[PDB]
There are 10 protein chains.
Amino acid sequence: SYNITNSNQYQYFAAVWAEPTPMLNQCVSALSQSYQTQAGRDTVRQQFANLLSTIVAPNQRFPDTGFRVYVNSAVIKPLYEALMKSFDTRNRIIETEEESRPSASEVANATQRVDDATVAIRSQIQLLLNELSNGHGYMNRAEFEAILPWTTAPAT
Amino acid sequence: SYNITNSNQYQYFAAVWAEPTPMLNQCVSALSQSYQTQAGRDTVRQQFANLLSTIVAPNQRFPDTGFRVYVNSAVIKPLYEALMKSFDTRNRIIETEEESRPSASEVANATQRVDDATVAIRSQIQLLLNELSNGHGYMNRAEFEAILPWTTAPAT
Amino acid sequence: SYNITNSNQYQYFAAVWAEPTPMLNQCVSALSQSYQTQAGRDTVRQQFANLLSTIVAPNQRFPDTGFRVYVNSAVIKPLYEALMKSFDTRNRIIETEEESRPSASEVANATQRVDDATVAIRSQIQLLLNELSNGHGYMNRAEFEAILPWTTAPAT
Amino acid sequence: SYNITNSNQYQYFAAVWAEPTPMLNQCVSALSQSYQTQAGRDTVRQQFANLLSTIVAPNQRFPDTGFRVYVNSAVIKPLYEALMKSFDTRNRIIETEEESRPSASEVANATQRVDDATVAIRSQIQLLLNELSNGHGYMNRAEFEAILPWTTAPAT
Amino acid sequence: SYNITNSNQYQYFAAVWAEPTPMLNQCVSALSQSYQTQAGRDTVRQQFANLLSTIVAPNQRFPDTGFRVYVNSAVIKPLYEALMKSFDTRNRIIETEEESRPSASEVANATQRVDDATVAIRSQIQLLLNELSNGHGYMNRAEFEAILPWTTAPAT
Amino acid sequence: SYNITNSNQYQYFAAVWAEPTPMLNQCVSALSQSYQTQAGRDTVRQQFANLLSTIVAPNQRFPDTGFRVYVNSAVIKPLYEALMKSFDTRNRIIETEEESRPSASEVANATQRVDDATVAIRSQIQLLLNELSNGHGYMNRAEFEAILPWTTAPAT
Amino acid sequence: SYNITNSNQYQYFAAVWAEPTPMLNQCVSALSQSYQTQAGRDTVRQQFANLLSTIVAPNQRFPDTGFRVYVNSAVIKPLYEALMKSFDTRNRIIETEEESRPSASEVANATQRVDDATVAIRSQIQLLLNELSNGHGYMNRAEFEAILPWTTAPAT
Amino acid sequence: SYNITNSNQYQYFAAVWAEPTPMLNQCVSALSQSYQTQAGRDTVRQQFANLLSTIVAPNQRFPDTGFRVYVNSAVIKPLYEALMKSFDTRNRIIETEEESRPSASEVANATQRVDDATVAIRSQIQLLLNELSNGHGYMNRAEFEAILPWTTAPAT
Amino acid sequence: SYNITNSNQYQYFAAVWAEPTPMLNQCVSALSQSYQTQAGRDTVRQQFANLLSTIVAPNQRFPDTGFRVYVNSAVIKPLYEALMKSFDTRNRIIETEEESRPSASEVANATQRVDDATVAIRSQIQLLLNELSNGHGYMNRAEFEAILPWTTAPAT
Amino acid sequence: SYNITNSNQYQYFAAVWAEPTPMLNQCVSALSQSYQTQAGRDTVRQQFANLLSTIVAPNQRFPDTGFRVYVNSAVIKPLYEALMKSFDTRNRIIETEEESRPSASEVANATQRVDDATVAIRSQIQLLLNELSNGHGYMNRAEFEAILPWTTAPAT
């Protein structure tokens, strides 16, 4: 069966998989909304997490009856953490009592901070789209390989 | 029969199921009302709970004669807790004796709090509608799978 | 007879139908009134609900002797929830004992809130009118199709 | 006889007809009054409704012995809903106990709201007059056509 | 029947289809309105989403009795995400209590932000019109091809 | 009968037709009014929409007993979207409580914005007039052609 | 009788006629008043509209017992739309509560806007006078011609 | 009848005709005014356009009962586009708020630009006068010829 | 039928055709306007695009019943891209808040930029006129040739 | 079948192909717009990327039923990266708070930077046009060769 030991072959186990369908659809769910909210962007990242699960264990090899998405590869990982990060936060401070601080934006501490955050998530959501989908990132038993052991309960 | 043991295959048992009909109809019941009330929004969340039951046990597999809704998936779970949460509460304080505090809204503690809560539940009730229904979230014996055991009282 | 199973073909069953006559007439009943009331706008949405019923079941197909209105399509669904929602509420607070709070509107918590709500329901009631009626939204056995099964009690 | 089925030919049935005489006369009844009232403007719109009936059914075609007014055409529909809407409401708030709020208009919530509403209904009542009457809107068996079926009980 | 496995042939499945009629009509619904609103632009993008469904599955090939629109092609995808994005948001901040911040626009945080957003959605709505329609983007069994497998339940 | 399939012959179906009479008359209705209003310009565009219907279906060819106006041609389409767009909006902000912001136009956010919008709709309303009418845009069975199929229920 | 079909012969039907008497007299009614008003200039344009009717139909040719004025010719059309347009509007803003904004014209948004509008309508009202009357614009069965058909119910 | 095919004989069809009377009179209407305006010069060019129509079709030859003016010949075309162009525009910039920029013409961006434009339209309006009228430009069935076909419905 | 394969014979397919009538008329529509605008020049180029379609496919040869205009030839292509490009843009920067930057043109960044752009589009619009029309650019089955194959479904 | 190993024969696999139709049409979409924008130029490059895919794999040779465009050849590659690069960016800095920096262009950091960028993309868009199309760049099984192996699953 599959019997892994060498640690160098463990950079593709947990928090590095999904499927073309699940991932791409999640991204559209995000992009199609306003960036003046927390519910949306915050929950969005939390959506992607639910799919950032695992698949290849140390005993049952990757099946031919499947093709998952290595969420920590070429363009996905760097631009997906960079992307999901774009909506990190912002200098949110609603200085009020009931009425927003009267002369709040006279000599304030933010404006283009919120505006510029939006640009981040926005356009990166797109470049991701094309890269993500194509081949930059994808993998299956075909591309999942190196020098892997197989020796537990027989089945070949 | 079905005979489950591996815990990794238990993230889809209790408080994660329903059916297209029950769920979608509940959402309309909510959306079609005012957000200046507690009866409505509070009881609403309590409505969704009655449907957040369980279906797949450890012995009788998912039937072909059915298609339920995994209430803890892709878009539903993150935006449904975020949604149901939108009507968490608000800074409700009816400072009165019989007559609401005379000069209550002069230098008060709330206004857009109540207003902004409404926006939350409202628009998220919609984005949910389309996502929820489509395929983002749904499942049945067809999509309910991984590596599951079946060995109790024979019937195949 | 009709014998449906595939869930992907269930996004057009409950809370998604009506008829050109019923729907359009309901909209006029709404639009022709004042927006400084609750009886009207609130009951209005509740009117549309009574027509948001169902028609196509899993066994008796859509008849040639009919043409219903898919209330969850193109322009209707997004602008009808957005519309019906326009009269969500407002920051209604009649701070009084018998006499409205003397200096209530000196440094208050609302005005253009009520005013701006009216604009919402109002003009959207119209854009709806033209869109709704035309073809954006309508359907019948002619447009109600995909890949649907028919196999119960014979009648062809 | 007339035997209609195609839905595309149903955008001219209910709530879209009247006659040159009834409609124009109703408009004068409105225009000739003060806009500081509710009885007038409110009941006015309700007057136009009584005439917003139906005429062409699915079996007895439009007669040669008549010429009705399609209340949902060219200029009428857009400017008639816009018109009838002008007297939607206003920020009406008579803050009093018996005596209107003493210092009510010091730092208040309205003035040109009421004033500006009047301008709306007023001048639009006129532009309507000329447009409405001419040809922009009118119709009869001559202009009521497309590709309509006639096949029930014989009479030709 | 159709029996797909190669992942490289999965960049045209979900969230990449529609039809000439549905798509173009949705765009007009958008363009014909004011850009000083949220109901409109926000719900607009949500309209396009309802049509961003799927069509070609892994078993029933693209029919000759149809011609859909690949919403992720040549000009559509880049300028449609860029377009739908134009109405991302803006620096919306209605600093008020009832009365908009007195000296709000003296030394404020926005103006041409809202104005410039409008230009974005506006003109891009047009360039899209011509490109979208022509051939830049469209596809059917004629143009939907590469090296695709067909081997399940026989029917040829 | 008419039996169309080739998609390249679908850029002249929905939202691309009208008649010389309806269209030109609508334009005059617009031009003859003030540009310091929303009722007028907004409803205007909504007027043109009611005429932006369809005529040539896939089975009943264009008649000799008619001459419609292709609203998406030569000069009409580019300058009609550009025109109808001129009255997109403006930086409308009536900062007031009852009394317009005292020192509102000292160091404000708009003036020639409103003024310059008017110039847009205005003069383009004219250049349109001559172009629109002449031949730039018009069509009928005479000019509506390419390589179109005709094969359903016989009638020649 | 008259039996027109060719569309090229339809640029002189609706909204393009009147008579020397009606038109010239209307212009004097306008010119003889102040340009610091809305009643006058606004209603003026609306006056000219009432005369911008139609005369030559597709069956009863232009009579010898008449001479009308083609309101869309040589100098009339370009300078009449340009003229009627001169009184488009202006940057009208009466910033007041009861008392016009104290320091309103210190650093304001308009002055020569109103002044310069007056010059527009004024002098163009004159150049029109001479041009309009002479021959630049006028027509009758004598000048109304091209290649027109006559074939319905006989009368020659 | 006339039956043209050779394209070399199509440089005298659309946008190349008028009549001695219409054209010359239009030019005087222009020349007799101030060049410190937009209404005049702009509408002027738009006047000439209304006459820049067509006359010789591919089937009804040029009549003996007429003499039109080829607006794209010898001196007219080059000096008429050059002329009509003279009033292209200018560096118009009224830098003001209500009061023209105080020290606007100290170190400004224009003066002789406006002045020199006037000279252009002015004197070219004259040289045109003599050239235009004489013979440089004029034509009729006498001068309209080359090697043209005539073969449709007989009439000779 | 026509059966093309050799790629060298593909430099005259898409985005390289039109007709003498459509093209020349579009150019006049452009030239007759001011160059201090964006609506005009921008939409102009977008007008020419609508005509930059295709005609000669790989199976139905160029007809004798037609003569189109190869928009990518001799003088058209180089001077038409150069022309359409003349109105690329300019250093447009309206530095203002409501009042254009007081001392904006003292030590500014542009003037003859806008002025010089106008000269570009202007005069090139003319040289184009003569070249375009004559023979420099035109083509039909007569001039559309090289060594082209014809072998699909028989018809000769 | 095709069985490649030698790496020297891998400089024509990924990110080096397309087709005459797709590529040339994309270029026109770009060129026909203003260069004072980011949406356009930025998304443009992202458009070309979607077509910069791959075609020749290591097992299924280049077909006779096709002719693609090697996007990394003679003139395309050097001038296409140079071209697409022209719209790299610019010294974009909108120093403002709501009102662009008053004395921003007195002693600033840019002007001809933006202007000169436009020239880059512009004219190179053209030289590309002719080169790209002709033969400089194109290829197919005819020109795609060197010394390539073919030895997997038999089919000759």
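Restricting things to Cα coordinates, could you compute the convex hull volume per residue of the stretch C:36-78 in Å³? Don't skip to the answer; put the middle values down first.
Numbers: hull volume 4.7 nm³, N = 43.
Taking only Cα atoms, the stretch C:36-78 has a hull volume of 109 Å³ per residue.
Please find, in a Gaussian network model of chain I (springs between Cα atoms separated by less than 10 Å), the residue of I:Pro78, I:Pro102, I:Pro22 whose mean-square fluctuation is greatest.
I:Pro102
Using the alpha carbons of the protein assembly as shown, what is the convex hull volume per residue in cubic angstrom, as a whole number?
Per-residue hull volume (Cα only) is 225 Å³.
Residues with amide H under 5 Å of C:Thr96's amide H, sequence separation 5 or more or different chain, H placed in the peptide plane at 1.01 Å from N; which?
Counting only residues 5 or more places away or on other chains, the set is B:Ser100, C:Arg101.
Counting only residues 5 or more places away or on other chains, whose amide H sits under 5 Å from the amide H of A:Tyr138 once H atoms are built in the peptide plane?
none
Taking GluC sites (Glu not before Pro) that fall in a DSSP loop and have at most 14 other Cβ atoms within 10 Å as cut points, what is the longest piece of chain A between them?
Value returned for the longest uninterrupted segment is A:1-94.
What are the extents of the Cα atoms of chain C along their three principal axes, listed from largest to smallest and rounded to whole Å?
The Cα atoms of chain C stretch 75, 28, 22 Å along their principal axes.
When chain J is modelled as a GNM with alpha-carbon springs shorter than 10 Å, which of J:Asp64, J:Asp116, J:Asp88 fluctuates the most?
For chain J, modelled as a Gaussian network with Cα springs under 10 Å, the answer is J:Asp64.
Specify the inter-centroid distance of the stretch I:1-77 and the stretch J:1-56, based on alpha-carbon positions, in whole Å.
With the stretch I:1-77 and the stretch J:1-56 each reduced to a Cα centre, they are spaced 24 Å.
Give H:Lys85/I:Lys85; I:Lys85/J:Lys85; E:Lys85/J:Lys77; F:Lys85/G:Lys77; C:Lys85/D:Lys85 a once-over and call out the pairs whose C-alpha atoms are over 22 Å from each other.
With Cα atoms farther than 22 Å apart: E:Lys85/J:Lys77; F:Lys85/G:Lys77.
Quick check: the angle from helix F:39-51's long axis to the longest principal axis of chain F, C-alpha only, nearest 10 degrees?
On a 0 to 90 degree scale, this one is about 10.
Of all chymotrypsin sites (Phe, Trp or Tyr not before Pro) in the stretch D:1-103, which ones are in loop regions per DSSP and have a Cβ with at most 11 other Cβ atoms within 10 Å?
none
Take the rotation relating chain F to chain B, measure from its axis to every Cβ in chain F, and name the nearest residue with the distance in whole Å.
Its Cβ sits closest to the axis: F:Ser103, 18.
Once you average over the residues of J:56-67, how many Cβ atoms of partner chains fall within 10 Å of each Cβ?
Rounded to a whole number, the mean comes out at 1.
Starting from the Kirkwood Rh over alpha-carbon pairs, what translational D in µm² s⁻¹ does the stretch H:1-52 have by Stokes-Einstein at 4 °C and 1.567 mPa s?
On the way: Rh = 13.3 Å.
After rounding, the answer is 97 µm²/s.
For chain D, calculate the relative contact order in percent as a whole number, restricting contacts to Cα pairs under 8 Å that are 6 or more residues apart.
Details: 174 pairs, mean separation 59.7, N = 156.
Reported as a whole number, the value is 38 percent.
Given H placed on each backbone N at 1.01 Å, which residues far from F:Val69 in sequence or on other chains put an amide H within less than 5 Å of it?
Placed amide hydrogens put F:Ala18, F:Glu19 under 5 Å from F:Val69.
Springs between alpha-carbon atoms under 10 Å, Gaussian network over chain I: tell me which of I:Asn59, I:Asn134, I:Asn91 tops the mean-square fluctuations.
I:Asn91
Taking every residue in C:84-93, how many Cβ atoms of other protein chains lie within 10 Å of its Cβ, on average?
6
Since every read-out is calculated from the coordinates, none of them should be taken as a lab result. No Cβ is skipped: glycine too gets one built from the backbone with ideal geometry, and neighbour counts run over all protein chains shown.
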